[PDB]
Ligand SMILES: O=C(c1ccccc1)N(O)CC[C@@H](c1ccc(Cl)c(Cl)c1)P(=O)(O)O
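So this first bit is one chain, no partners, the form solved without this ligand, shown in structure tokens.
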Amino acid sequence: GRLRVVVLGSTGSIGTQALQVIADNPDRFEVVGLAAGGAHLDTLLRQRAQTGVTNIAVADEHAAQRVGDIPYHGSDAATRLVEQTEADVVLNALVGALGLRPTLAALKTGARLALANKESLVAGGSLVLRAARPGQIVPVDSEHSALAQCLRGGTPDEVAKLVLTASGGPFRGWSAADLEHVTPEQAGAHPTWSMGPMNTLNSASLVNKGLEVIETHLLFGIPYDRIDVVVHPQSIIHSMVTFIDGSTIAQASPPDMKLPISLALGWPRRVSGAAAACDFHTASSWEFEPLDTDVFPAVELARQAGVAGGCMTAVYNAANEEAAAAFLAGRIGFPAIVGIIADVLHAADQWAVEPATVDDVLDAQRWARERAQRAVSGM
């Protein structure tokens, strides 16, 4: 039958790509809700006009003032839309802290949650896991989607290791000395129209990989010492699972987020024609190499944060946001991003307690931000 889909973050990269998959597959999906921030209000309004969906939410009141016929506006607008809309699937493609409450609300409705919002898991952690039922959360990102597919190759008891691939970023194979003089531009901080500067930087710093390692633990219930990372420059193999017999199962496709998006939406059913497959008519190679964890310790730090548990991963992420921004403003050098994360985490043991509420997570993030600010400024 047709799945009713709520798209949260309809004006961003994931959201718009999802809407294309849905437009291409009217047999499999129908949009029944759209939520956006308001920065791209004009796009949301064009989306209302194109899709015919009037069930929309805008967070920013100022932006909402420009329209006068938005059913959900102001803070918690997305959350209210989720609470009040009958749906089969909620795609949470919201950015940052504010994806958390809608994740919780969507889980309570009993819909499947196609999750892109990293903060829901990296920050929300045990709040989100205690609220979600088995199979309810389906990951949107390429590595997690790949692991979900590869896990089909055996029972849960047969898994030995999860292996995330990592592009390695622009500084793949760079020495510590090389990294000393990395500039914001080199770190891929261009005013690229769709993605924010943080995504390319997190990729370059290997912090994104650490975040993905944390999310892997929470999604698939695999201990951190069994979650590995290999550097794979082509990004054709999106991740792999190694089983107890020594067999490894791997997922491969030319880069294209429409594949994992389509699969998250239709899970467990694949969407015909979603993306192009690997073509073996011209010679190619898939290369693998280890990550030098002395030069790139962000993944080791993520495992430490993850193992400590509670709000420690919220701390890891919030420290990064602050240090990364400080790097982009020229307040610190590149190697000092992960240096500050380590300094903040080392000081953060009070946050190992499990959060009872969203406010607990926010307090952990507040603490981590100001602690990172002190480290940056020298105060």
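Between two forms, the rigid core is defined as the largest C-alpha subset superposing within 1.5 Å. Residues carry their position along the shown sequence, with the first being 1.
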**Study point:** Of 56 to 64 and 336 to 344, the stretch whose C-alpha atoms average the higher B-factor in the entry
**Key:** 56 to 64
Exercise for review: Report the stretch with the higher mean CA temperature factor, choosing between 219 to 227 and 291 to 299 on the basis of the entry.
Suggested key: 291 to 299
Practice item. By the entry's C-alpha temperature factors, tell me which of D157, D256, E86, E212 sits highest. Key: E86
Check your understanding: Taking the values straight from the PDB record, which of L98, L107, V241, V140 has the highest C-alpha temperature factor?
Key -> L98
**Study point:** Third of the chain's Cα B-factor distribution that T43 belongs to, per the entry
**Key:** middle
Exercise for review: Compare the C-alpha B factor of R269 with those of the other modelled residues in its chain, then answer lowest, middle or highest third.
Suggested key: middle
Check your understanding: Mind checking which third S120 falls in for C-alpha B-factor across the chain?
Key -> middle
Review point. Among the chain's modelled residues, which third holds the C-alpha B-factor of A372?
Key: middle
**Study point:** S75 CA temperature factor, ranked by third within the chain
**Key:** highest
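The next section is about a form of this same protein that is not shown, the form deposited with this ligand bound.
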Exercise for review: Take this ligand as it is posed in the entry with it bound, superpose the C-alphas around its site onto the chain shown here, and state whether the site is open or blocked, counting it as blocked when 3 or more ligand atoms lie within 2.4 Å of a backbone or C-beta atom.
Suggested key: open
Check your understanding: Is there a heavy atom of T242 lying 4.5 Å or less from a heavy atom of this ligand in the entry with it bound?
Key -> no
Practice item. Indicate whether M257 is a 4.5 Å heavy atom neighbour of this ligand in the entry with it bound. Key: yes
Review point. Is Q149 a contact residue for this ligand in the entry with it bound, using a 4.5 Å heavy atom cut-off?
Key: no
Review point. Does at least one non-hydrogen atom of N208 fall within 4.5 angstroms of this ligand in the entry with it bound?
Key: yes
**Study point:** this ligand: the contacting residue among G266, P297, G169, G306 in the entry with it bound [heavy atom, 4.5 Å]
**Key:** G169
Revision key, fill the gap. Partner-free chain; cross-checking this ligand in the entry with it bound, the single residue of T248, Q84, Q136, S235 with a heavy atom within 4.5 Å is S235
Check your understanding: Since the chain is shown here on its own, which stretch among 289 to 297, 274 to 282, 216 to 224, 200 to 208 would lie within 4.5 Å of this ligand in the entry with it bound, judged by heavy atoms?
Key -> 200 to 208
Point to revise | Sequence-ordered list of residues in 113 to 148 near this ligand in the entry with it bound, where near means a heavy atom within 4.5 Å | key: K118, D141, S142, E143
Check your understanding: Core fitted between the shown form and the other one: which of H232, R80, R303, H217 shows a C-alpha shift of 2 angstroms or more?
Key -> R80
Check your understanding: After fitting the rigid core, is the C-alpha of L345 off by 2 Å or more between the shown form and the other one?
Key -> no
Practice item. Note yes or no: does the Cα of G330 move by 2 Å or more between the shown form and the other one after the core is superposed? Key: yes
Point to revise | Core-aligned C-alpha movement of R28 between the shown form and the other one reaching 2 Å | key: no
